[PDB]
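This text opens with one protein chain seen in two forms, each one given by itself as structure tokens under the names structure 1 and structure 2.
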Structure 1
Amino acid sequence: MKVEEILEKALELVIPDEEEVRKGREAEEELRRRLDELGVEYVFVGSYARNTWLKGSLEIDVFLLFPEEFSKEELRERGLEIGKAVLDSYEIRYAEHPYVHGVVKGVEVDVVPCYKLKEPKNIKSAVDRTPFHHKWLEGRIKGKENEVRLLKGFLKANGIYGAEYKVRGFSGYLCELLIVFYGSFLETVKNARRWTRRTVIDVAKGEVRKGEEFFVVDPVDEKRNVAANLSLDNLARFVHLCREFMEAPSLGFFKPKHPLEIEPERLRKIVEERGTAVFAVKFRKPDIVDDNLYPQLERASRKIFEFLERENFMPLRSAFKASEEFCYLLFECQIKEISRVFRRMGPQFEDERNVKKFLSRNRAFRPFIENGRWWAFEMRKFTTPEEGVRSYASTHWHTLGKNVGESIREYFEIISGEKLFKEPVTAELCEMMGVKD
């Protein structure tokens, strides 16, 4: 519909509506009231302060700024004291060091203790960096706030906004740096078409170069990769999306697809056509935060995938899902059944002592020499991937993540067929198999 027209139309999917802006205003004003009456030194930072927050994602970030000659113990204790004093309800959270999360007039707020430092290079952790992040962007981002929201909304609609482990995508700070570097959403998208996995974007130097990994240099700290948490595959997906958008721009790129909502019969038919074994490991979700859970699910899934590969079941893809009560590790394999008999490698023929040992073992079939080496026919203890995974998960749960594996130890189920389809995983199965509309 013309790119410039589509971007005009996309602003309404992306700019927060009216009662959200005022809901934030009322919370901000009230929070300021309460902080001011305590005489605390503070700064509002982040996307609220800069008016770059995406529609639906209202949250306020306040950093408490303390004298440089407070101890690290003194800053944390007093910081949490104030944190608790000014929020309606509160929780003591952790990202690297403690902060307080809570609510003010219905709006989520983080209050974070850090050092007040004139000029950086006195940084200790990411915490003390953050006031400098706001400082750097405040005023470079002025007049570009809707460009930021366009980029955020584009990424969100395509499932790659957020640096948290469940997503492994683009952080808010990364988005604002990109907008400063390229000047607009449109220019970011046009240029991202030529990004590679070796692209280094150095904002402070106005420079793009090549390096070992995709790296977006923090203009406040040259050692920090702002894009650290962006996965290789989400980078690839973004580059491709940028290419697709420019070739045929549409408002559709700013709107999430409503899920496939497939009937168990159609999935049964798809699985029949592909001729694969499709199954899931079901177990109880451990009570840990997403940033801990998701890496364990990734690990568990890979270890089982690697097991299926090693055992010659020719796994195609895996996926995973956490519902409220259960987790699911999903697998599709090209082999439904393998033979009972396999080949065990023995010693080189010269090695008399070890040959004697190899041949000592009772077997149904006679060992043979092939290419200078002994081999034996021996028998598998499982012939399907489901039987294999039942054995693996029963015996090797110690390698499936601390909490995920402990859960699997207490209870797991292998589910396939019309049964697997009853679980809340059909969406994920359809994606894994590349099912079309």
Structure 2
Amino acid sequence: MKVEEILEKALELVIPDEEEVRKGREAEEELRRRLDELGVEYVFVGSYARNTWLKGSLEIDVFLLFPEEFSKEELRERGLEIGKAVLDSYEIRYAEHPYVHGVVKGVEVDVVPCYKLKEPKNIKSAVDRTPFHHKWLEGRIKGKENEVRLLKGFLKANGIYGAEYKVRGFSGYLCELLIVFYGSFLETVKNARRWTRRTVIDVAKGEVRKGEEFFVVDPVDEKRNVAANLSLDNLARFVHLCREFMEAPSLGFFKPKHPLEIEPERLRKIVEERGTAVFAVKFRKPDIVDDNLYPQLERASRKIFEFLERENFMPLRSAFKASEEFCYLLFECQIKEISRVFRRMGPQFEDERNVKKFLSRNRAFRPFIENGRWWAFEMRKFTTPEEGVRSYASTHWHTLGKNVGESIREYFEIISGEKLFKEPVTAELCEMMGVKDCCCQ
């Protein structure tokens, strides 16, 4: 019931069992053999090399150390070559930096080429700091492995673990740095209660200061923010979570929640009670990696939200979902239907030439004078948010992300009501609307 006993039981959730450890060790042995046989230069890095990986998430990182002189294309060719040669099976899928993902003896492996630099200043490939991260952490993280695993488990259970665009949260490496800086999970959590959007953590200097934004200085590269891709809102969520946990510590904070199946009827009743327009833009998912797709979904949904705000539909929040074959951009608005008529501002009464020009247009209704200015009634070409978005997405597809917008150009549809509640978007609708009691465990 006290934190210490909570943390004891939480360890059972985050520490790999021996069987998984063994499986890891054997795959490592086979990998070393295959790599030694190739006469190639490599280093084991990341959480496997440092024993800071989470139970159930074993993945080995092998880095291939190439001459700095190699072209980016040579780095790609050789890296991919070696990767395919040493893995039992493999997939090649990446946004910018080339690497091979695959499996050795049932264990997942990233085989990543990088440049063998003397110093990680003026990095040549995106991943060149990673060998230096490992060397910096290796003799500083000893005996703190399980503190790292607690922080990772805590973050993961609360959906803010990982720096990738799909999460915009805390990387593993960031977790390790925090644990070195504060000494323990408990100390990190206690101090994070006092973090601000201006907090700078400089682990190499042993220092917390104030800057322009939240910045965790990489001890390997003073210019690098390790928390560069942690969103303001996810920072906010972690700070609030640390405050909640200290107030009432519970094993529940390490237990992930999953969305409940909600009947389309609970949904109908909820939307009816809210009195809002709830609708989605649906279109075929571009065949691109997550790290390209997610910022494009984010862009498309903002541009449309922004359209809905300037057209006076009073959008509340938006959300999105990428399924296997489709994407959905979700919106909720306060205004289900607006009037046809609106006001357009004309010139001041003194300005005769400009008043003429304003009055020259034929309208259904007479212009009028109000507070020394001419005004006119005009008519909208749409009166519902759905009609607005049909128009907007048809004509502004191009501004909705490179691949998302091109897909929307080819086909999109607007869905609402039970048709929507039948789409795989109920978790996102529930979160968007702040529906109580729709998640469990």
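Whichever C-alpha set is largest while still superposing within 1.5 Å between the two forms counts as the rigid core. Numbering runs along the sequence of structure 1, starting at 1.
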Position that moves between structures 1 and 2 after core superposition, taken from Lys84, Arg193, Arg299, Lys285, with Cα shift of 2 Å or more:
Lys84
Does the distance between the two CA positions of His101 reach 2 Å or more between structures 1 and 2, the core being superposed?
yes
Core-aligned CA displacement of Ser125 at least 2 Å between structures 1 and 2
yes
Is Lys135 displaced by at least 2 Å at its C-alpha between structures 1 and 2 when the rigid core is overlaid?
no
After lining up the core, report the Cα displacement of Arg168 between structures 1 and 2 in Å, one decimal place.
0.3
Taking the rigid core as the frame of reference, how far in Å is the Cα of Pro67 displaced between structures 1 and 2?
5.2
Could you check how much the CA of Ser57 shifts between structures 1 and 2 after a rigid core fit, in angstrom?
1.5
